[PDB]
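*Asks:* Just so it is clear, I am handing over input11.pdb, which has PDB, C-alpha atoms and all ligand atoms.
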```pdb
ATOM      1  CA  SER A 253       2.955  -1.939  34.127  1.00  0.00           C
ATOM      2  CA  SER A 254       4.363  -0.625  30.819  1.00  0.00           C
ATOM      3  CA  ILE A 255       2.803   2.796  31.667  1.00  0.00           C
ATOM      4  CA  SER A 256       5.561   5.361  32.434  1.00  0.00           C
ATOM      5  CA  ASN A 257       3.781   7.429  35.063  1.00  0.00           C
ATOM      6  CA  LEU A 258       1.026   5.509  36.831  1.00  0.00           C
ATOM      7  CA  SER A 259       0.040   8.496  38.990  1.00  0.00           C
ATOM      8  CA  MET A 260      -0.916  10.332  35.767  1.00  0.00           C
ATOM      9  CA  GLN A 261      -3.252   7.741  34.124  1.00  0.00           C
ATOM     10  CA  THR A 262      -6.423   9.705  34.959  1.00  0.00           C
ATOM     11  CA  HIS A 263      -7.496  12.815  33.077  1.00  0.00           C
ATOM     12  CA  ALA A 264      -8.250  14.476  36.413  1.00  0.00           C
ATOM     13  CA  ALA A 265      -4.714  13.851  37.717  1.00  0.00           C
ATOM     14  CA  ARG A 266      -3.241  15.224  34.505  1.00  0.00           C
ATOM     15  CA  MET A 267      -5.399  18.387  34.722  1.00  0.00           C
ATOM     16  CA  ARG A 268      -4.161  19.108  38.282  1.00  0.00           C
ATOM     17  CA  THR A 269      -0.555  19.441  36.929  1.00  0.00           C
ATOM     18  CA  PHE A 270      -1.556  22.534  34.899  1.00  0.00           C
ATOM     19  CA  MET A 271      -2.065  24.766  37.985  1.00  0.00           C
ATOM     20  CA  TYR A 272       1.198  26.601  37.061  1.00  0.00           C
ATOM     21  CA  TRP A 273       0.754  26.390  33.244  1.00  0.00           C
ATOM     22  CA  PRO A 274       1.617  29.770  31.801  1.00  0.00           C
ATOM     23  CA  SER A 275      -1.571  31.341  30.458  1.00  0.00           C
ATOM     24  CA  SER A 276       0.463  32.959  27.646  1.00  0.00           C
ATOM     25  CA  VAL A 277       0.796  29.548  25.969  1.00  0.00           C
ATOM     26  CA  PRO A 278      -1.812  29.175  23.195  1.00  0.00           C
ATOM     27  CA  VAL A 279      -2.600  25.445  23.737  1.00  0.00           C
ATOM     28  CA  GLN A 280      -4.959  24.743  26.667  1.00  0.00           C
ATOM     29  CA  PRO A 281      -4.599  22.146  29.496  1.00  0.00           C
ATOM     30  CA  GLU A 282      -7.870  20.407  28.480  1.00  0.00           C
ATOM     31  CA  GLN A 283      -6.440  19.668  24.981  1.00  0.00           C
ATOM     32  CA  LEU A 284      -3.165  18.434  26.403  1.00  0.00           C
ATOM     33  CA  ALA A 285      -4.621  16.373  29.258  1.00  0.00           C
ATOM     34  CA  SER A 286      -7.079  14.696  26.821  1.00  0.00           C
ATOM     35  CA  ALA A 287      -4.181  13.593  24.621  1.00  0.00           C
ATOM     36  CA  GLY A 288      -2.327  11.940  27.538  1.00  0.00           C
ATOM     37  CA  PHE A 289      -0.042  14.846  28.415  1.00  0.00           C
ATOM     38  CA  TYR A 290       0.769  16.372  31.839  1.00  0.00           C
ATOM     39  CA  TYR A 291       2.876  19.440  32.756  1.00  0.00           C
ATOM     40  CA  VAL A 292       6.301  18.697  34.257  1.00  0.00           C
ATOM     41  CA  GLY A 293       6.752  22.148  35.801  1.00  0.00           C
ATOM     42  CA  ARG A 294       9.333  23.699  33.445  1.00  0.00           C
ATOM     43  CA  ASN A 295       8.607  26.153  30.595  1.00  0.00           C
ATOM     44  CA  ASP A 296       5.795  24.649  28.449  1.00  0.00           C
ATOM     45  CA  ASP A 297       7.207  21.102  28.729  1.00  0.00           C
ATOM     46  CA  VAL A 298       4.780  18.166  28.801  1.00  0.00           C
ATOM     47  CA  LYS A 299       5.091  14.364  28.846  1.00  0.00           C
ATOM     48  CA  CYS A 300       2.772  11.457  28.068  1.00  0.00           C
ATOM     49  CA  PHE A 301       1.865   9.348  31.115  1.00  0.00           C
ATOM     50  CA  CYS A 302       1.997   6.203  28.954  1.00  0.00           C
ATOM     51  CA  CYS A 303       4.951   6.470  26.536  1.00  0.00           C
ATOM     52  CA  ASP A 304       7.000   9.222  28.299  1.00  0.00           C
ATOM     53  CA  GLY A 305       7.224  11.253  25.077  1.00  0.00           C
ATOM     54  CA  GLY A 306       8.045  14.878  25.802  1.00  0.00           C
ATOM     55  CA  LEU A 307       6.814  17.900  23.843  1.00  0.00           C
ATOM     56  CA  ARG A 308       7.450  21.665  24.092  1.00  0.00           C
ATOM     57  CA  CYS A 309       7.187  25.016  22.268  1.00  0.00           C
ATOM     58  CA  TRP A 310       3.434  24.929  21.699  1.00  0.00           C
ATOM     59  CA  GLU A 311       2.156  27.330  19.031  1.00  0.00           C
ATOM     60  CA  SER A 312      -1.424  28.275  18.123  1.00  0.00           C
ATOM     61  CA  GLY A 313      -3.113  25.669  15.931  1.00  0.00           C
ATOM     62  CA  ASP A 314      -0.935  22.859  17.359  1.00  0.00           C
ATOM     63  CA  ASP A 315      -3.039  19.687  17.845  1.00  0.00           C
ATOM     64  CA  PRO A 316      -1.678  17.568  20.700  1.00  0.00           C
ATOM     65  CA  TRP A 317      -3.199  14.395  19.180  1.00  0.00           C
ATOM     66  CA  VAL A 318      -1.477  14.994  15.875  1.00  0.00           C
ATOM     67  CA  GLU A 319       1.830  15.786  17.618  1.00  0.00           C
ATOM     68  CA  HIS A 320       1.469  12.556  19.666  1.00  0.00           C
ATOM     69  CA  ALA A 321       1.138  10.470  16.493  1.00  0.00           C
ATOM     70  CA  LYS A 322       3.888  12.363  14.620  1.00  0.00           C
ATOM     71  CA  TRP A 323       6.637  11.830  17.228  1.00  0.00           C
ATOM     72  CA  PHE A 324       5.530   8.882  19.382  1.00  0.00           C
ATOM     73  CA  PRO A 325       3.531   6.585  17.085  1.00  0.00           C
ATOM     74  CA  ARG A 326       3.961   3.337  19.077  1.00  0.00           C
ATOM     75  CA  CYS A 327       2.327   4.724  22.265  1.00  0.00           C
ATOM     76  CA  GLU A 328      -0.372   2.275  23.481  1.00  0.00           C
ATOM     77  CA  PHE A 329      -2.621   5.015  24.910  1.00  0.00           C
ATOM     78  CA  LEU A 330      -2.585   6.865  21.563  1.00  0.00           C
ATOM     79  CA  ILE A 331      -3.288   3.721  19.536  1.00  0.00           C
ATOM     80  CA  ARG A 332      -6.184   2.680  21.808  1.00  0.00           C
ATOM     81  CA  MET A 333      -7.850   6.151  21.920  1.00  0.00           C
ATOM     82  CA  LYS A 334      -7.433   7.255  18.286  1.00  0.00           C
ATOM     83  CA  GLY A 335      -6.775   3.989  16.423  1.00  0.00           C
ATOM     84  CA  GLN A 336      -3.870   2.699  14.320  1.00  0.00           C
ATOM     85  CA  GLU A 337      -5.572   4.047  11.186  1.00  0.00           C
ATOM     86  CA  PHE A 338      -5.192   7.559  12.631  1.00  0.00           C
ATOM     87  CA  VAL A 339      -1.570   6.970  13.586  1.00  0.00           C
ATOM     88  CA  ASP A 340      -0.823   5.674  10.052  1.00  0.00           C
ATOM     89  CA  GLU A 341      -2.532   8.761   8.552  1.00  0.00           C
ATOM     90  CA  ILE A 342      -0.352  11.181  10.534  1.00  0.00           C
ATOM     91  CA  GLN A 343       2.839   9.166   9.937  1.00  0.00           C
ATOM     92  CA  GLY A 344       1.915   9.158   6.212  1.00  0.00           C
ATOM     93  CA  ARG A 345       2.347  12.954   6.036  1.00  0.00           C
ATOM     94  CA  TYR A 346       5.861  13.291   7.465  1.00  0.00           C
TER      95      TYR A 346
HETATM   96  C1  LIG B   1       4.676  20.228  20.281  1.00  0.00           C
HETATM   97  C2  LIG B   1       4.414  21.014  18.991  1.00  0.00           C
HETATM   98  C3  LIG B   1       5.567  21.977  18.638  1.00  0.00           C
HETATM   99  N1  LIG B   1       5.091  22.866  17.547  1.00  0.00           N
HETATM  100  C4  LIG B   1       5.999  23.992  17.206  1.00  0.00           C
HETATM  101  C5  LIG B   1       6.789  21.159  18.253  1.00  0.00           C
HETATM  102  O1  LIG B   1       6.880  20.668  17.139  1.00  0.00           O
HETATM  103  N2  LIG B   1       7.775  20.984  19.174  1.00  0.00           N
HETATM  104  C6  LIG B   1       9.000  20.203  18.913  1.00  0.00           C
HETATM  105  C7  LIG B   1       9.130  19.131  19.991  1.00  0.00           C
HETATM  106  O2  LIG B   1       8.507  19.261  21.033  1.00  0.00           O
HETATM  107  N3  LIG B   1       9.905  18.028  19.839  1.00  0.00           N
HETATM  108  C8  LIG B   1      10.709  17.820  18.598  1.00  0.00           C
HETATM  109  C9  LIG B   1      10.919  16.335  18.313  1.00  0.00           C
HETATM  110  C10 LIG B   1      12.044  16.049  17.303  1.00  0.00           C
HETATM  111  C11 LIG B   1      12.644  14.699  17.777  1.00  0.00           C
HETATM  112  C12 LIG B   1      11.847  14.344  19.065  1.00  0.00           C
HETATM  113  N4  LIG B   1      11.377  15.663  19.557  1.00  0.00           N
HETATM  114  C13 LIG B   1      10.309  15.612  20.548  1.00  0.00           C
HETATM  115  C14 LIG B   1       9.954  17.074  20.970  1.00  0.00           C
HETATM  116  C15 LIG B   1      10.977  17.551  21.985  1.00  0.00           C
HETATM  117  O3  LIG B   1      11.844  18.327  21.652  1.00  0.00           O
HETATM  118  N5  LIG B   1      10.912  17.118  23.263  1.00  0.00           N
HETATM  119  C16 LIG B   1      11.867  17.520  24.290  1.00  0.00           C
HETATM  120  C17 LIG B   1      13.016  16.517  24.173  1.00  0.00           C
HETATM  121  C18 LIG B   1      13.808  16.443  25.488  1.00  0.00           C
HETATM  122  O4  LIG B   1      12.927  16.025  26.530  1.00  0.00           O
HETATM  123  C19 LIG B   1      11.782  16.716  26.703  1.00  0.00           C
HETATM  124  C20 LIG B   1      11.175  16.651  27.963  1.00  0.00           C
HETATM  125  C21 LIG B   1       9.993  17.345  28.162  1.00  0.00           C
HETATM  126  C22 LIG B   1       9.433  18.093  27.122  1.00  0.00           C
HETATM  127  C23 LIG B   1      10.041  18.149  25.879  1.00  0.00           C
HETATM  128  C24 LIG B   1      11.215  17.446  25.655  1.00  0.00           C
HETATM  129  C25 LIG B   1      10.249  21.127  18.853  1.00  0.00           C
HETATM  130  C26 LIG B   1      10.048  22.251  17.814  1.00  0.00           C
HETATM  131  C27 LIG B   1      11.330  23.092  17.674  1.00  0.00           C
HETATM  132  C28 LIG B   1      11.733  23.704  19.038  1.00  0.00           C
HETATM  133  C29 LIG B   1      11.893  22.607  20.113  1.00  0.00           C
HETATM  134  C30 LIG B   1      10.611  21.751  20.223  1.00  0.00           C
HETATM  135 ZN    ZN B   2       2.115   8.577  24.566  1.00  0.00          ZN
END
```
Let me see the structure of the file written as structure tokens.
*Replies:*
Amino acid sequence: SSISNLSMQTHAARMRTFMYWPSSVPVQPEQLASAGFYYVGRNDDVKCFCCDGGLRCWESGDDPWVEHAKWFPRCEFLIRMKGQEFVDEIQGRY
């Protein structure tokens, strides 16, 4: 109900969106899909199925989980998978 994109709540559905993911991008679909993200079909742009947070310009060593907590800390999917303690840790850096 509060989920932004219901058709993207499964990991499998999120993985299917990466068919046209440019292989030049250093961050892999598995890492993104695990962290709630699916590809929206432009550039390297992804969104979270739950909170609708959008991220782009992925560089090597970027951790989608950490980016999720940094920019979109009140996402329910993030809080339930990784825990509020994790979200507080990341927020405590920046
Ligand atoms: C994702 C990790 C990446 N590491 C270099 C990163 O930090 N990306 C930033 C990023 O993705 N951001 C930045 C933060 C600052 C305030 C909120 N922003 C969220 C995110 C972003 O720019 N998202 C855009 C906003 C417009 O809507 C969409 C839609 C889909 C995908 C991305 C976005 C930003 C970096 C500078 C160049 C543009 C991208
Ligand atoms: Zn989210």
*Asks:* Could you list, as a VMD selection string, all the residues within 10 Å of ligand LIG 1 (chain B), counting only C-alpha atoms and all ligand atoms?
*Replies:* chain A and resid 279 290 to 300 304 to 320 322 to 324
*Asks:* What gap, in Å, lies between CA of residue 266 (chain A) and CA of residue 330 (chain A)?
*Replies:*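 One can read the CA of residue 266 (chain A) to CA of residue 330 (chain A) distance as 15.4 Å.
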*Asks:* Would you compute the distance between CA of residue 267 (chain A) and CA of residue 282 (chain A)? Give it in Å to one decimal.
*Replies:* 7.0 Å
*Asks:* Write out as an NGL selection string each polymer residue whose atoms come within 8 Å of residue 339 (chain A), counting all atoms listed in the file; drop sequence neighbours fewer than 5 positions from it.
*Replies:* :A and (321-322 or 325 or 331 or 334)
*Asks:* What does the PyMOL selection byres (((chain A and resi 254) around 9) and not hetatm) select in this file, as a ChimeraX atom specification?
*Replies:* /A:253,255-256,302-303
*Asks:* Could you jot down the CA of residue 344 (chain A) to CA of residue 280 (chain A) separation for me, Å, one decimal place?
*Replies:*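 Straight-line distance from CA of residue 344 (chain A) to CA of residue 280 (chain A) works out to 26.6 Å.
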*Asks:* Choose the residue, out of A:345, A:336, A:329, A:259, that has the smallest atom-to-atom separation from ligand ZN 2 (chain B); count only C-alpha atoms and all ligand atoms.
*Replies:*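 Of A:345, A:336, A:329, A:259, the one nearest ligand ZN 2 (chain B), counting only C-alpha atoms and all ligand atoms, is A:329.
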*Asks:* Using only C-alpha atoms, which of A:342, A:337, A:260, A:272 sits nearest residue 285 (chain A)?
*Replies:*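 Ranked by minimum distance to residue 285 (chain A), first place goes to A:260.
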*Asks:* Identify, on the basis of all atoms listed in the file, every residue whose closest approach to region 262-264 of chain A does not exceed 10 Å; exclude the query and any residue fewer than 5 positions from it along the same chain; express the result as number ranges by chain.
*Replies:* A: 269, 282, 284-290, 301
*Asks:* Using all atoms listed in the file, which of the listed residues (A:327, A:268, A:258, A:276) sits closest to ligand ZN 2 (chain B)?
*Replies:*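 Smallest distance to ligand ZN 2 (chain B) is found for A:327.
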